[PDB]
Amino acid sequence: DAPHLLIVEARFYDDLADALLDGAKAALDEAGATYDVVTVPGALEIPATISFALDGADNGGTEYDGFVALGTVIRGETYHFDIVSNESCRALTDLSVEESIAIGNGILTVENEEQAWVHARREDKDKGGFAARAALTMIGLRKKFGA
């Protein structure tokens, strides 16, 4: 009866990933929701992964009520940092719309590691918790609208 979420975490920056995951798990536990955690190398493969889960579900696999995308992108000198954020979020958005699924976006895109922590920590901006809660809210709306 409790929603079962799939947390797809891009573990590029491990310590930041743990902050986000701790934020997300905290919010889900707190809400009485259960979850599975899957780790991917970077934000770029987060959408594909949710896609794998959806197709998996259609093949009798675990059926997730929603998803929590966790990740961190720190703009350094390279332009690929803009690309990771943009493409991962872009694909997630399209995904949430095209598949009409509940997705909490916890993909952090900051200038430096200092703000990354400010957003990743549950003690701070708690983006991971905000994302997990966002997924729940969307799970509720998805249910309300009878999508």
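Residue numbers here begin at 1 and follow the sequence given.
Two stretches are in play, 62-70 and 80-88, and the higher mean C-alpha B-factor belongs to 80-88. If you average the C-alpha B-factors over 118-126 and over 101-109, the higher value belongs to 118-126. When all modelled residues of the chain are sorted by CA temperature factor, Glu30 is found within the highest third. When the modelled residues of the chain are ordered by their C-alpha B factor, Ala147 lands in the highest third. When the CA B factors of the chain's modelled residues are split into thirds, the value for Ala2 lands in the highest one. For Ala57, the recorded CA B-factor ranks within the highest third of the chain. Only modelled residues enter the ranking.
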